[PDB]
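One structure is given here, and the rest of the page talks about it.
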Amino acid sequence: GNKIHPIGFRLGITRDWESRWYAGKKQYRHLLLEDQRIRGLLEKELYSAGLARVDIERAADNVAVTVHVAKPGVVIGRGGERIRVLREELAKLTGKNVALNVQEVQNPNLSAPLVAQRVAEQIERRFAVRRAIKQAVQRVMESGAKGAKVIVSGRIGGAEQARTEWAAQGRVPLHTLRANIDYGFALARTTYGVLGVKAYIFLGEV
Amino acid sequence: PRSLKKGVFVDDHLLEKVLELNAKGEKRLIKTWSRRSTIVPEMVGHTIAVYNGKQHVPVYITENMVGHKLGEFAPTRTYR
Amino acid sequence: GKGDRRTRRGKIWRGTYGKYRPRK
Amino acid sequence: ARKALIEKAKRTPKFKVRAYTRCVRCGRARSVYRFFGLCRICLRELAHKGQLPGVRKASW
RNA sequence: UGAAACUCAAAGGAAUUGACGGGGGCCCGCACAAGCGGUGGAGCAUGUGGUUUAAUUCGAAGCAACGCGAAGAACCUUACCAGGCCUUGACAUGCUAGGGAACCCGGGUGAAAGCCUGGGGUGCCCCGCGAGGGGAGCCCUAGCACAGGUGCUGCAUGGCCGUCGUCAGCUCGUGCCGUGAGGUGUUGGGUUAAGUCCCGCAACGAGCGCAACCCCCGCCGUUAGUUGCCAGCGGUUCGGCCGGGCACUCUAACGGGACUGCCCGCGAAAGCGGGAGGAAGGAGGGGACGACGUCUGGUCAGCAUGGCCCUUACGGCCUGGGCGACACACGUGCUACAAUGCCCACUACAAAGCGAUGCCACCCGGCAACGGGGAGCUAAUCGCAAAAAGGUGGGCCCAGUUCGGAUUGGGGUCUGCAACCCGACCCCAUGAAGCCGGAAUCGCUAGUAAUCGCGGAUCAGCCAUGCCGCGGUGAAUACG
Ligand SMILES: [K+]
Ligand SMILES: [K+]
Ligand SMILES: [K+]
Ligand SMILES: [K+]
Ligand SMILES: [K+]
Ligand SMILES: [Mg+2]
Ligand SMILES: [Mg+2]
Ligand SMILES: [Mg+2]
Ligand SMILES: [Mg+2]
Ligand SMILES: [Mg+2]
Ligand SMILES: [Mg+2]
Ligand SMILES: [Mg+2]
Ligand SMILES: [Mg+2]
Ligand SMILES: [Mg+2]
Ligand SMILES: [Mg+2]
Ligand SMILES: [Mg+2]
Ligand SMILES: [Mg+2]
Ligand SMILES: [Mg+2]
Ligand SMILES: [Mg+2]
Ligand SMILES: [Mg+2]
Ligand SMILES: [Mg+2]
Ligand SMILES: [Mg+2]
Ligand SMILES: [Mg+2]
Ligand SMILES: [Mg+2]
Ligand SMILES: [Mg+2]
Ligand SMILES: [Mg+2]
Ligand SMILES: [Mg+2]
Ligand SMILES: [Mg+2]
Ligand SMILES: [Mg+2]
Ligand SMILES: [Mg+2]
Ligand SMILES: [Mg+2]
Ligand SMILES: [Mg+2]
Ligand SMILES: [Mg+2]
Ligand SMILES: [Mg+2]
Ligand SMILES: [Mg+2]
Ligand SMILES: [Mg+2]
Ligand SMILES: [Mg+2]
Ligand SMILES: [Mg+2]
Ligand SMILES: [Mg+2]
Ligand SMILES: [Mg+2]
Ligand SMILES: [Mg+2]
Ligand SMILES: [Mg+2]
Ligand SMILES: [Mg+2]
Ligand SMILES: [Mg+2]
Ligand SMILES: [Mg+2]
Ligand SMILES: [Mg+2]
Ligand SMILES: [Mg+2]
Ligand SMILES: [Mg+2]
Ligand SMILES: [Mg+2]
Ligand SMILES: [Mg+2]
Ligand SMILES: [Mg+2]
Ligand SMILES: [Mg+2]
Ligand SMILES: [Mg+2]
Ligand SMILES: [Mg+2]
Ligand SMILES: [Mg+2]
Ligand SMILES: [Mg+2]
Ligand SMILES: [Mg+2]
Ligand SMILES: [Mg+2]
Ligand SMILES: [Mg+2]
Ligand SMILES: [Zn+2]
């Protein structure tokens, strides 16, 4: 029972909020609810595109919604009809009638959430967990990545007793503020239960 | 040292009921789930079964009982 | 002391006002 | 958070006093901050994800 | 000298890593000691055990459960109980099927929920002169696939948290030693808050930890004047009120500054002792931050989730009660037992915060709670607001009292559909125990303890004496 969330730890320096906007006390809770519904609809749709993040900005009755994805070809669709339907759902949920953008993620293996999602997928397909982890860490490390760590939680291999498998290399200095460590988390829903998957990636310092 | 306010509260469920009796008579008992209702002079002489949370208790009401709530005469807890 | 309803300090502690602790 | 209890949101609570807040996310009853509309747990989780604008860790 | 029946999956040797020792050495921490104030006694608040109950919902169990989940239990919350009801349901998606379909307003009954009943209105798509027929959504009845469960399992789990422990540690790569478990490194000497650094060394490096980069408080500067000031002059209803001005205070962004840098002494070095200059030295003060792992630690009752179980009820709606029971026992606290004090009057200095179905200046009524009226404020510009201890003046004169305000009678104000169970607040009367607390036991090393007030979160109101913050005054002691 320790180790605060590294993103939340770093939000001031070498990390920035996913939702950046100002609002009053009579406003905030509502816009927040909205953002939450947006992310909740987006993540249960665009999953197959591998979204690593969703940014949300506002000024007046307008919302950025910059979606970071590994495979923009999925969110575009054929000739751009997918993004049309998505903007349609967006306007149907929130009547604000706002915009949408798509940013490609170069080297999806350098973004933690995607790595975690990968390992999670492999676990859901009944891969060998230990090797899945070691492999993932290897792939992350081989491209940039001054450090990497991946953590899988209990019931590894469907075992009756929960366990924790480790597999990290490079440097992952969680206590350093200027670290700039991407963190990501993915579940695994299996027949025997649920597995947590954490992913730490350390790239650059100052 | 109790208080309520001006405009004393009585639930209108039985409020009209009791005077409906008084119009044509006395009759017998009553069944009331509202113990939050104050006692008013027109209720005197009647009999009100008050819910203690379990059963209805046959509370007979007298002149000196005016102003108290019905629930005061229907204790909810069973002790020793 | 701070437990006396009828004293200044009693009012201050209890955080209220009244006859024994005026609002001026 | 029982699902029937999410009947909390009512245009007709039948009384203003019967109206009580809940967590818009997890459905928690107790510990609901009015400002965020969330509960305290969700508050900390989302604050840690950085989904609450301006919300930072406080030290002094 | 020396058997047998019967019986066991071992008995045993040496060495390895640990843990332990009423074994040794070295060294830390309010651990003891030194000191200051407490708890244990009293009354009350609150949580728990137990008992009681129709129900007193569930959880938490030595530190690390017990003012804990609860940052607001009258209804709601609520998960418990009694009674009156509902079932393709309070919520999601879909299928078959008769009929009506969008929808609006009534009546009976009722504690409400619910059940029942009556009346308005027949837009869409297609075909037809029309009557009318068929049809999509939607809504009501009947059946089907399902919802739902705060029902059990935290040894089936995720996530998150507590804990040893902010403790000085835990490991890896390559090399070397050992048949091997393993060892070496990480041991030793010096030093440090630190596996911090130095020196040495079959080791050479490295990672997670330590430290640092982040925040607040300390001194100064730049940038900026709806806060500030006869610093400065003019006016003054003499109030920074008007003119006026960014010098000061402040406000909030950037930046400087401290590194054993300089001097003496010791030392092989790292560093130690002292001194100078400086607002500040040897980690300046306080936060955030808590390693490999341990406790089959806590939580399926915040959420998620495997398995199991109930599906005219283990689901669902409502009225009422209960979570507030009281012979008792414990924990945490509040107020006290007084003169270094209590009371009344006048008068002075703060920080951090909150404020639109909000804070509420000021006027009137009321002894008061409060009510009526009503200005300002999207708030460095108005309000909460009074800060209290403090100072000056006066009263009390050692007594269960002008100490202490429990208990109880009566009369009221406010919130709220509603204060019986079970709210807080005001006023009158009442005026309890308590004379510094047995064995035992707790916190704190400096602006700390002690003491005094102030704000906030949740919330209509409030059982807040709780929690989380803010400043005022400000100690004693540490041989060891
Ligand atoms: K040493
Ligand atoms: K420091
Ligand atoms: K466990
Ligand atoms: K004492
Ligand atoms: K005192
Ligand atoms: Mg496996
Ligand atoms: Mg009245
Ligand atoms: Mg007194
Ligand atoms: Mg649930
Ligand atoms: Mg409420
Ligand atoms: Mg609530
Ligand atoms: Mg042996
Ligand atoms: Mg002994
Ligand atoms: Mg001692
Ligand atoms: Mg006591
Ligand atoms: Mg209990
Ligand atoms: Mg349980
Ligand atoms: Mg405790
Ligand atoms: Mg506590
Ligand atoms: Mg109920
Ligand atoms: Mg089922
Ligand atoms: Mg456990
Ligand atoms: Mg767990
Ligand atoms: Mg348990
Ligand atoms: Mg257990
Ligand atoms: Mg330390
Ligand atoms: Mg600590
Ligand atoms: Mg080796
Ligand atoms: Mg050997
Ligand atoms: Mg060998
Ligand atoms: Mg080794
Ligand atoms: Mg070793
Ligand atoms: Mg050794
Ligand atoms: Mg080191
Ligand atoms: Mg050492
Ligand atoms: Mg060495
Ligand atoms: Mg300055
Ligand atoms: Mg201004
Ligand atoms: Mg200004
Ligand atoms: Mg200037
Ligand atoms: Mg650190
Ligand atoms: Mg309780
Ligand atoms: Mg008893
Ligand atoms: Mg008995
Ligand atoms: Mg106890
Ligand atoms: Mg004023
Ligand atoms: Mg007056
Ligand atoms: Mg001003
Ligand atoms: Mg005096
Ligand atoms: Mg005097
Ligand atoms: Mg007296
Ligand atoms: Mg006596
Ligand atoms: Mg005396
Ligand atoms: Mg005794
Ligand atoms: Mg003693
Ligand atoms: Mg200390
Ligand atoms: Mg409040
Ligand atoms: Mg009470
Ligand atoms: Mg308070
Ligand atoms: Zn929540």
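Chain identifiers are assigned as A, B, and so on, following the order in which chains appear in the structure tokens; residues are numbered from 1 within each chain, and ligands are numbered from 1 in order of appearance.
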
Exercise. Compute the set of protein, DNA and RNA residues whose minimum atom distance to ligand 16 is at most 12 Å, using only C-alpha atoms (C1' of nucleotides) and all ligand atoms, and state it as a ChimeraX atom specification.
Key: /E:47-50,56-60,65-66,323

Restricting it to N, CA, C and O atoms (P, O5', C5', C4', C3', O3' and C1' of nucleotides), dump the selection as a PDB file, in the first residue's frame.
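For reference, selection-v1.pdb as written:
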ATOM      1  P     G E  47     -21.696   7.793  17.863  1.00  0.00           P
ATOM      2  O5'   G E  47     -20.550   6.692  17.901  1.00  0.00           O
ATOM      3  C5'   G E  47     -19.617   6.588  16.839  1.00  0.00           C
ATOM      4  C4'   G E  47     -18.480   5.654  17.173  1.00  0.00           C
ATOM      5  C3'   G E  47     -18.860   4.258  17.637  1.00  0.00           C
ATOM      6  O3'   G E  47     -19.218   3.382  16.585  1.00  0.00           O
ATOM      7  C1'   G E  47     -17.212   5.126  19.069  1.00  0.00           C
ATOM      8  P     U E  48     -20.188   2.137  16.880  1.00  0.00           P
ATOM      9  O5'   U E  48     -19.333   1.208  17.843  1.00  0.00           O
ATOM     10  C5'   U E  48     -18.187   0.526  17.360  1.00  0.00           C
ATOM     11  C4'   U E  48     -17.436  -0.186  18.462  1.00  0.00           C
ATOM     12  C3'   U E  48     -18.190  -1.270  19.209  1.00  0.00           C
ATOM     13  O3'   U E  48     -18.270  -2.485  18.503  1.00  0.00           O
ATOM     14  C1'   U E  48     -17.042   0.082  20.752  1.00  0.00           C
ATOM     15  P     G E  49     -19.416  -3.538  18.879  1.00  0.00           P
ATOM     16  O5'   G E  49     -18.950  -4.129  20.279  1.00  0.00           O
ATOM     17  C5'   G E  49     -17.762  -4.899  20.390  1.00  0.00           C
ATOM     18  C4'   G E  49     -17.526  -5.350  21.809  1.00  0.00           C
ATOM     19  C3'   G E  49     -18.637  -6.176  22.428  1.00  0.00           C
ATOM     20  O3'   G E  49     -18.573  -7.536  22.063  1.00  0.00           O
ATOM     21  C1'   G E  49     -17.992  -4.490  23.936  1.00  0.00           C
ATOM     22  P     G E  50     -19.923  -8.342  21.784  1.00  0.00           P
ATOM     23  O5'   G E  50     -20.728  -8.228  23.151  1.00  0.00           O
ATOM     24  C5'   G E  50     -20.376  -9.019  24.272  1.00  0.00           C
ATOM     25  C4'   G E  50     -21.134  -8.601  25.507  1.00  0.00           C
ATOM     26  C3'   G E  50     -22.632  -8.864  25.499  1.00  0.00           C
ATOM     27  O3'   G E  50     -22.956 -10.195  25.852  1.00  0.00           O
ATOM     28  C1'   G E  50     -22.213  -6.663  26.256  1.00  0.00           C
ATOM     29  P     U E  56     -31.096  -7.270  15.215  1.00  0.00           P
ATOM     30  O5'   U E  56     -29.853  -6.394  15.686  1.00  0.00           O
ATOM     31  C5'   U E  56     -29.999  -5.416  16.709  1.00  0.00           C
ATOM     32  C4'   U E  56     -30.542  -4.116  16.167  1.00  0.00           C
ATOM     33  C3'   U E  56     -29.585  -2.931  16.204  1.00  0.00           C
ATOM     34  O3'   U E  56     -29.941  -2.044  15.140  1.00  0.00           O
ATOM     35  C1'   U E  56     -31.469  -2.437  17.509  1.00  0.00           C
ATOM     36  P     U E  57     -28.918  -1.678  13.954  1.00  0.00           P
ATOM     37  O5'   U E  57     -28.538  -3.068  13.283  1.00  0.00           O
ATOM     38  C5'   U E  57     -29.538  -3.892  12.706  1.00  0.00           C
ATOM     39  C4'   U E  57     -29.197  -4.304  11.294  1.00  0.00           C
ATOM     40  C3'   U E  57     -27.772  -4.749  11.031  1.00  0.00           C
ATOM     41  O3'   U E  57     -27.481  -6.055  11.492  1.00  0.00           O
ATOM     42  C1'   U E  57     -28.451  -3.301   9.313  1.00  0.00           C
ATOM     43  P     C E  58     -26.003  -6.411  12.014  1.00  0.00           P
ATOM     44  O5'   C E  58     -25.057  -6.014  10.800  1.00  0.00           O
ATOM     45  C5'   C E  58     -25.047  -6.806   9.627  1.00  0.00           C
ATOM     46  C4'   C E  58     -24.050  -6.318   8.609  1.00  0.00           C
ATOM     47  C3'   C E  58     -22.598  -6.312   9.025  1.00  0.00           C
ATOM     48  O3'   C E  58     -22.012  -7.596   9.069  1.00  0.00           O
ATOM     49  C1'   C E  58     -23.077  -4.331   7.860  1.00  0.00           C
ATOM     50  P     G E  59     -20.898  -7.898  10.177  1.00  0.00           P
ATOM     51  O5'   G E  59     -19.668  -6.984   9.741  1.00  0.00           O
ATOM     52  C5'   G E  59     -18.921  -7.303   8.581  1.00  0.00           C
ATOM     53  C4'   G E  59     -18.139  -6.127   8.050  1.00  0.00           C
ATOM     54  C3'   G E  59     -16.867  -5.763   8.784  1.00  0.00           C
ATOM     55  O3'   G E  59     -15.794  -6.640   8.532  1.00  0.00           O
ATOM     56  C1'   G E  59     -18.054  -3.803   8.301  1.00  0.00           C
ATOM     57  P     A E  60     -14.988  -7.266   9.765  1.00  0.00           P
ATOM     58  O5'   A E  60     -13.984  -6.112  10.192  1.00  0.00           O
ATOM     59  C5'   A E  60     -13.047  -5.581   9.270  1.00  0.00           C
ATOM     60  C4'   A E  60     -12.504  -4.261   9.752  1.00  0.00           C
ATOM     61  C3'   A E  60     -11.743  -4.311  11.063  1.00  0.00           C
ATOM     62  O3'   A E  60     -10.381  -4.640  10.875  1.00  0.00           O
ATOM     63  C1'   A E  60     -13.361  -2.602  11.163  1.00  0.00           C
ATOM     64  P     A E  65      -5.917   0.101  11.910  1.00  0.00           P
ATOM     65  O5'   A E  65      -6.567   0.197  13.355  1.00  0.00           O
ATOM     66  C5'   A E  65      -7.103  -0.955  13.983  1.00  0.00           C
ATOM     67  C4'   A E  65      -8.607  -0.907  14.059  1.00  0.00           C
ATOM     68  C3'   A E  65      -9.206   0.167  14.956  1.00  0.00           C
ATOM     69  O3'   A E  65      -9.288   1.444  14.347  1.00  0.00           O
ATOM     70  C1'   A E  65     -10.199  -1.894  15.467  1.00  0.00           C
ATOM     71  P     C E  66      -9.112   2.765  15.238  1.00  0.00           P
ATOM     72  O5'   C E  66     -10.358   2.734  16.225  1.00  0.00           O
ATOM     73  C5'   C E  66     -11.681   2.898  15.736  1.00  0.00           C
ATOM     74  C4'   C E  66     -12.710   2.707  16.826  1.00  0.00           C
ATOM     75  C3'   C E  66     -12.646   3.690  17.981  1.00  0.00           C
ATOM     76  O3'   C E  66     -13.283   4.922  17.696  1.00  0.00           O
ATOM     77  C1'   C E  66     -12.814   1.498  18.833  1.00  0.00           C
ATOM     78  P     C E 323     -32.426   3.050  17.672  1.00  0.00           P
ATOM     79  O5'   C E 323     -31.309   2.822  16.560  1.00  0.00           O
ATOM     80  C5'   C E 323     -30.543   1.631  16.555  1.00  0.00           C
ATOM     81  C4'   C E 323     -29.514   1.606  15.454  1.00  0.00           C
ATOM     82  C3'   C E 323     -28.505   2.738  15.450  1.00  0.00           C
ATOM     83  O3'   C E 323     -27.464   2.537  16.385  1.00  0.00           O
ATOM     84  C1'   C E 323     -29.304   2.367  13.251  1.00  0.00           C
TER      85        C E 323
END

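Backbone DSSP over range 29-164 of chain A gives strand (DSSP E or B) for residues 51, 52, 53, 54, 55, 56, 57, 58, 63, 66, 67, 68, 69, 101, 102, 103, 104, 147, 148, 149, 150, 151 and 152 of chain A.
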
Quiz item: Near residue 11 in chain B, counting only C-alpha atoms (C1' of nucleotides), which residues have an atom at most 10 Å away, once you skip same-chain residues fewer than 5 positions from it, shown as an MDAnalysis selection string?
Solution: (chainID B and resid 16 34:38) or (chainID E and resid 417:418)

Go ahead and save the picked residues with C-alpha atoms (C1' of nucleotides), as a PDB file, in the first residue's frame.
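Here's the written file selection06.pdb:
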ATOM      1  CA  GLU B  16     -61.055  15.651   8.488  1.00  0.00           C
ATOM      2  CA  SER B  34     -49.346   9.529  11.457  1.00  0.00           C
ATOM      3  CA  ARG B  35     -47.910   9.995  14.934  1.00  0.00           C
ATOM      4  CA  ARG B  36     -46.394  13.322  13.944  1.00  0.00           C
ATOM      5  CA  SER B  37     -49.808  14.940  14.321  1.00  0.00           C
ATOM      6  CA  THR B  38     -50.602  17.250  17.242  1.00  0.00           C
TER       7      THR B  38
ATOM      8  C1'   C E 417     -44.327  18.176   4.383  1.00  0.00           C
ATOM      9  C1'   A E 418     -43.038  16.901   9.156  1.00  0.00           C
TER      10        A E 418
END

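Near residue 198 in chain E, within 12 Å and counting only C-alpha atoms (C1' of nucleotides), sit residues 189, 190, 191, 192, 267, 268, 269, 270 and 271 of chain E, not including residues fewer than 4 positions from it in the same chain.
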
Self-check item: Shell around range 17-32 of chain D at 9 Å using only C-alpha atoms (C1' of nucleotides), local window under 4 positions removed, as number ranges by chain
Solution: A: 33, 36; D: 1-3, 5-6, 8-10, 13, 36-42; E: 70-71, 75-77, 302-303, 416, 458, 460
